[PDB]
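A look at the structure
So the chains spell out like this:
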Protein chains: 6
Amino acid sequence: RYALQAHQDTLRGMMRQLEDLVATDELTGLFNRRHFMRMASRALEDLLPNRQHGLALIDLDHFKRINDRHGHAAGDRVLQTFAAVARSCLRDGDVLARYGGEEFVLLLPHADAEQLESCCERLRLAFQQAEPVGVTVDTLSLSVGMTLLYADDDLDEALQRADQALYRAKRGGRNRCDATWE
Amino acid sequence: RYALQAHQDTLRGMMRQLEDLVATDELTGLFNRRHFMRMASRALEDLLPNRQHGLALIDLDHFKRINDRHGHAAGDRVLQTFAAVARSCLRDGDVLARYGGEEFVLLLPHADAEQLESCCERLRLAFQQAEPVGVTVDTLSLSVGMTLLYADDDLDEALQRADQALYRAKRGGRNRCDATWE
Amino acid sequence: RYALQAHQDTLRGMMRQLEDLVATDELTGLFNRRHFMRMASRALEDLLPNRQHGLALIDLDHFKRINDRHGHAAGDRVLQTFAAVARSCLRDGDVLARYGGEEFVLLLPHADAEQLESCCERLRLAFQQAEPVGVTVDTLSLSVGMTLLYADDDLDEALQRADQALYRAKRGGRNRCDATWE
Amino acid sequence: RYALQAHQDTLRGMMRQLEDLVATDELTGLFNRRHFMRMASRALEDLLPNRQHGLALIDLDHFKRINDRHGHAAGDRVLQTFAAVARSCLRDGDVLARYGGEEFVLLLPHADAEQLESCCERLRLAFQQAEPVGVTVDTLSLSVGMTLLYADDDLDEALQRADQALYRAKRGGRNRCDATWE
Amino acid sequence: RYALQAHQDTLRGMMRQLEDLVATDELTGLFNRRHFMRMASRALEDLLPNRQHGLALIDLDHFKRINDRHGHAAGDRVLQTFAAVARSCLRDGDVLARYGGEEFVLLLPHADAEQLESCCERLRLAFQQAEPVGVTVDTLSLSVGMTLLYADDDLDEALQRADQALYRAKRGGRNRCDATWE
Amino acid sequence: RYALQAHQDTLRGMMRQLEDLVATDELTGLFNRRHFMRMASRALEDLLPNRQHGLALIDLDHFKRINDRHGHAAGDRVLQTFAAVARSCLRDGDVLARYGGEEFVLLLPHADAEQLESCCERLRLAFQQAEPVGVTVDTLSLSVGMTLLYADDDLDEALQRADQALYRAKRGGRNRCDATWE
């Protein structure tokens, strides 16, 4: 019995492992939230002292609104459109992942606060001119919350400040790129 | 993208295989419903022509009441009580399994309708006699619905027939055993 | 005894999952038939209404003869030749796979009947031009049979239709491309 | 490529492992040939010097003959009958396995050549009085080839001499227990 | 990538899991120390308030001296004997694990101080009376330190209690059983 | 049982397998030494008669001294730089593995003596010109020992050739490439 329970606890734990190999969201072909969590930790510890990484939270403006008028299948093709447009804007080695139903998250290896600032505009503007095929959408905009990733940073804290920057960008009228501590 | 969805689908297929290894219900120490379903299927097929298996559905009486008066922990004890009791009654090589919240299911290889009825009464009276440690019980009874698994049966159908007999045994005033096609 | 057969059956289910991870054909470096079947199924389902995929069946001409004159090792080279060539022609994101001893199969996401016919000729002429290292070839050609995967198609049926076109292209005197429903 | 091949060679090797966990023949519920091979090695090395094990090859006399007259389903129920009868004759900790379509093999921990000799008669005679249910069989007999398992023995050699004893028992009229080096 | 980092940590996660499946000491056939640790967290948790388990630490007496006088293998044989013997003495469902080189550990489910003491005595004597074979050994004995595993208890603390109790019994002359909180 | 012995050896078999999936050096992102060994048996086998592969052993120059003067992390950074650099220089489909603490190994598929030498020179110079970032480092260089991997060759012998050639280049003054049978 106790033997069976220990045994089955082992198997469940294997299942958990298997579930970590499922590292990507099929819809958008980006990495999922949990795999990002695990990747970013790994990245933060590799950082030399006095070095930084780029980190941004990306939210699609009025996404929930698109679902009602255009139905759900449309709103998903919007999400796939962001993935496509982002894949095209981003350089190799940069980390993009799907952070929530409506949100994405970014990490840029060894990136300056100006490099940071630059990429987010490029992305954001590219979503404005974005043309999701087979869906006739009136408006397309995203807002960004940025910050940086210093050595000995705490991730839950690091994510809180980019979100702050993002929420402030959401009140700033949307289609806004806002930063925290540069 | 399709290779990814295919690959992660395999991943999930492996998770399900592992699931099928988690074959027992930890509270009782009995095989779970899913594992019973898989066993019974292969006992149905391995049936020689014009031969049979016994198959009863056991339900504990007023069990929900016990949970209400004595709390969910006593409910659990009662089930470990039944599990303990049943193992004293059954011959080595019988199949007994948890089937629902308070339902169990039995399968007796090559057992006459007489043999089955004999087994179930002995089980039924054994339960009635038992006392669970650390829980004072108004009293304990169970009902059973019985039937025979024939070669070329449908297992879902066979099962439907014992549930019919279990329904009548409940209706008859509980603590009894009814049958269908013997 | 049934628990054993159930348990070992799971075991064999795991062996088959692992099988589905062995997704490529080592000689060519292309995806194998089984993996193609699993990919195409999910490309069929992911098809929006009134949209299509291209789908051709490629067969190399007089291949068996090459094995007879030049020996089974040259036969293999010719296939690595075709595999190399094809990868030069195809856009990133096409699906190409080994389908038989000498048969290959192609799938072009969102590709017009025009687009498909254009791709296949370019492939066809590219093969004709090629020379495999260390093997002197009388000459090289391939035939192809093409069709369109529609939403609500049957994949077996779709496939049956390209094999019909491939049959005619062989009949037409080889080194050509026939189609069915465009 | 080479990377893919190394990778897929890894997976095939896992499959091989999985295949070693499938350690038992379902029909007779005994261990299969390969698991016996692996078990006996393990047992031979554990042996103290000047210590022995029992080893016997068991063949059912005229088994192929039963298949013709009584059809295959009968001959299998004979095999299951031997497994049953053997399970009953044998003590706990003794190793019985299915060695071939018609043959079985035995190992007895720390067994004397007289203990050896004794068990094989008990088994053999018990198969004479054996009554395979649902099959009307005229005759039931097996022959045995025995030997022993000394320290630093070679298994392929150890199995050759018990077979010799067995083949000699097959010519000795069948229903014969013959030994090699006691 | 850092992705790569993550994916290999997962595989490493898996090996550890697979390691937890190797649950038993190969020399004796008992559960090993790690598997016991996990089985015993799980009993400690499943413990009703005002109820408890039996815990004992069993150390064989003058084992080191046995190795010197009779040789490493003879020592190993003595270990076997203790397992054999204990298997005889133990009610079904008692947990016996190898805890170290010459020390064991026993959990008794729902056992009384009085019940624990009776078991260790029956065990202490039985081992005294034993004769391993090979191996003639002049005399054997063990000493036992006991305690009770209550709810809200620390399992490592529980073991400290048992350890200390085992020390007093070694100090008190061996072939005895001391205890702590009974 | 001995059965138990067998079953845990199988699990042990599995861990080893899982270990072969950890194929890449986490610091550099290159294949590790074991994965290379396996990739290279497989190329050696797939080699047509009178045909061959390129083999080189790359050792960074005065690495130990770098660690002492700039610190362990700086050394580690230099290793990264070499990977980055080599990735740029290498045709797609070249095999580069980390072979040791400061040494690499390169297989070139179907490469000429002349082709190998050209690659190592382009590599030797490129690394000379490089600037890791962090990290200011006064100067970098490596030395290269080369040979050809023929059919019917021993891969360990091939490596001996390369090793020796690497020694002559260290001895000859470093920042060079010696060779053995070209």
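Residues numbered from 1 in each chain as written, not as in the entry; some residues may be left out. Chains lettered and ligands numbered in written order. Heavy atoms only, no water.

What the entry reports as its method is X-ray crystallography, with 2.805 Å given for the resolution.

Here's the deal with the overall build of chain A
Each helix and strand counted, chain A has 5 helices and 7 strands in total. Each helix and strand of chain A, ordered N terminal to C terminal, gives the series α-β-β-α-β-α-β-β-α-β-α-β. When its C-alpha atoms are laid out on the principal axes, chain A stretches across 60 × 45 × 30 Å. Looking at chain A as a whole, 54% of its 182 residues qualify as buried. Considering only contacts in chain A between residues 6 or more positions apart, those separated by 24 or more positions represent 70%. For chain A, the computed accessible surface area is about 9000 Å², with 44% contributed by carbon and sulfur atoms. Put simply, chain A has 23 plus and 29 minus side-chain charges, and the middle of one group is 5 Å from the middle of the other. (Helix = DSSP H or I, 4+ residues; strand = E, 2+ residues; numbered from the N terminus. Buried < 20%, exposed > 50% of the residue type's maximum accessible area, 1.4 Å probe, protein only. Contact = heavy atoms within 4.5 Å. Areas by Shrake-Rupley, 256 points an atom, 1.4 Å probe, with all protein chains shown as cover. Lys, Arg positive; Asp, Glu negative; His and termini not counted. Charge placed at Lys NZ, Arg CZ, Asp CG, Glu CD.)

Some details on the pattern of salt bridges
Summed over the entire model, instances satisfying the criterion amount to 64 salt bridges over all chains. Across the salt bridge formed by C:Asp9 and C:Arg12, the nearest N and O atoms sit 2.7 Å from each other. One end of the pair, C:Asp9, and the other, C:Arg12, are both in helix α1 (residues 2-19), 3 residues apart, so they sit about a helical turn from each other. The exposure class of C:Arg12 is partly exposed, given its relative accessible area of 23%. A salt bridge links F:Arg168 to F:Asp178; its shortest N-O distance comes to 2.7 Å. In this pair, F:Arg168 is assigned in helix α6 (residues 155-171) and F:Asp178 in strand β5 (residues 177-180), connecting sequence segments 10 residues apart. Through salt bridges with shared partners, a single ionic network connects A:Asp9, A:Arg12, B:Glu26 and E:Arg42. (Salt bridge = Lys/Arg side-chain N within 4 Å of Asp/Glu carboxyl O.)

Side note on the UniProt feature "binding site: Mg(2+)" (unreviewed entry) in chain A
Residues and elements named next belong to chain A. Look at the UniProt record and you will see "binding site: Mg(2+)" (unreviewed entry) annotated at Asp59 and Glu102. A maximum C-alpha distance of 6.2 Å places the annotated residues, which cover 44 residues in sequence, within one compact spot. Looking at the secondary structure, you find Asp59 in strand β3 (residues 52-60). The class for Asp59 is buried, based on a relative accessible area of 10%. (UniProt positions renumbered as here; feature names shortened; annotations may be inferred.)

Let's talk about the packing of aromatic side chains
Considering all chains together, one arrives at 14 aromatic pairs over all chains under this definition. Aromatic pair C:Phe82 and C:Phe127: ring centres 5.6 Å apart, planes at 75°, arrangement edge-to-face. Of the two residues, C:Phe82 sits in helix α4 (residues 72-89) while C:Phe127 sits in helix α5 (residues 113-129), which places them 45 residues apart along the sequence. Here the aromatic residues A:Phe82, A:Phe104 and A:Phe127 are joined through ring pairs into a cluster of three or more. Sitting above the plane of the E:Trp181 ring, E:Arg161 keeps its charged end 5.0 Å from the centroid. (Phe/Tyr/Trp six-rings, centres within 6.5 Å; stacked < 30°, edge-to-face > 60°. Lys NZ or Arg CZ within 6 Å of the ring centre and 35° of its normal.)

Here we look at the pairing of strand β4 (residues 95-98) of chain A
All names here are of chain A. Residues of β4 alternate between two faces, with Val95 and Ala97 on one and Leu96 and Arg98 on the opposite face, all of them buried. Both β4 and strand β5 (residues 103-108) contribute to a ladder of 4 bridges, which runs antiparallel. Looking across to β5, one finds that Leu96 is bridged to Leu106. Following β4, the chain reverses through 4 residues before pairing antiparallel with β5. (Pairing = 2+ DSSP bridges.)

Details of the relation of the copies chain E and chain A
Overlaying chain E with chain A gives an RMSD of 0.6 Å, the required rotation being 177° about an axis along which the chain moves by 0.2 Å. Such a turn and shift between the copies fits a two-fold axis. Across chain E, the rotation axis passes nearest the C-alpha of E:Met14, at a separation of 3.2 Å. A high fraction, 95%, of the interface residues of chain E reappear at the interface in chain A, so the copies pair face to face through one surface. (Least-squares fit on C-alpha atoms.)

Concerning the interface of chain E and chain A
Counting residues at the interface gives 22 residues for chain E, matched by 25 residues for chain A. Buried surface at the junction of chain E and chain A, both sides included, amounts to about 2100 Å², of which 65% is carbon and sulfur. In terms of surface lost to chain A, no three residues of chain E exceed E:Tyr2, E:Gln17 and E:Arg42, which account for 29% of the buried area on that side. Linking chain E to chain A there are 3 salt bridges. Where E:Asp46 meets A:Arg1, a salt bridge forms, and the shortest distance between an N and an O atom there is 3.7 Å. Across the chain E-chain A interface, the total number found is 6 residue pairs in polar contact. The set of elements that each furnish at least two residues to the side of chain E that touches chain A consists of α1 (2-20) and α2 (33-45) of chain E. Among the elements that make up the side of chain E that touches chain A, the one with the highest residue count is α1(E) (12 residues). Here the side of chain E that touches chain A is composed, by residue class, of 9 nonpolar, 7 polar and 6 charged. (Buried area = accessible area lost by both parts, 1.4 Å probe. Polar contact = N/O pair within 3.5 Å; in protein donor to acceptor, adjacent residues only side chain to side chain. Nonpolar A, V, L, I, M, F, W, Y, C, P; charged D, E, K, R; others polar.)

Here's the deal with the packing of helix α3 (residues 63-89) of chain D against helix α4 (residues 113-128) of chain D
Axes are the key here: two packed helices are described by the angle between their axes and the distance separating the axes. Residues and elements named next belong to chain D. Orientation of α3 relative to α4, taken along the N-to-C sense of each, is 135°, at an axis distance of 10 Å. Put simply, α3 runs oblique to α4. In the crossing of α3 with α4, the sense of the turn from one axis to the other is right-handed. Between α3 and α4, the residues in contact are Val78, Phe82, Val85, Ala86 and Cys89 and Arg122, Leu123, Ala126 and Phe127, respectively. Taken together, the residues of the contact of α3 with α4 sort by class into 8 nonpolar, no polar and 1 charged. (Axes fitted to C-alpha atoms, helices over the stretch in contact; angles between N-to-C directions. Parallel < 35°, antiparallel > 145°, perpendicular 65-115°, else oblique. Left-handed = near helix turned anticlockwise from the far one by under 90°.)

Some remarks on the environment of F:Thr180
Residues and elements named next belong to chain F. Looking at where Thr180 falls in the secondary structure, it is placed in strand β5. Between the C-alpha atom of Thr180 and that of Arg161, which follows or precedes it by 19 residues, the distance is 6.0 Å. Apart from the residues within four sequence positions on either side, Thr180 is in contact with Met146, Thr147, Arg161, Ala165 and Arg168. In terms of polar contacts, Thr180 uses its side chain to reach the side chain of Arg168, at 3.4 Å.

Topic: the sheet that holds strand β4 (residues 142-150) of chain E
Residues and elements named next belong to chain E. In space, the 5 strands of this open sheet follow the order β2-β3-β1-β4-β5, with mixed pairing throughout. Every other strand in the sheet has two partners, leaving β2 (95-98) and β5 (177-180) as the edge strands with one partner each. Adjacent strand axes in the sheet meet at a mean angle of 20° when their direction is disregarded. Strand contacts of α2: β1 (52-60), β2, β3 (103-108) and β4, with the helix running at about 145° to β2, the strand carrying the most contacts.

A few points about the UniProt feature "domain: GGDEF" (unreviewed entry) in chain A
Under the feature "domain: GGDEF" (unreviewed entry), the UniProt entry names residues 51-182 of chain A. Between the C-alpha atoms that bound residues 51-182 of chain A the distance is 14 Å, and the span itself is 45% helix and 23% strand.

Side note on helix α1 (residues 2-21) of chain A
Across its 20 residues, α1(A) extends 29 Å between first and last C-alpha, which sits within 8% of the 28 Å expected from 1.5 Å per residue. Where α1(A) is concerned, the buried positions are A:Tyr2, A:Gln5, A:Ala6, A:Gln8, A:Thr10, A:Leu11, A:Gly13, A:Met14, A:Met15, A:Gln17 and A:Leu18. Among the structural elements, α1 (2-19) and β1 (24-25) of chain B together with α1, α2 and β1 of chain E are those in contact with the buried residues of α1(A). (Expected span 1.5 Å × (residues − 1).)

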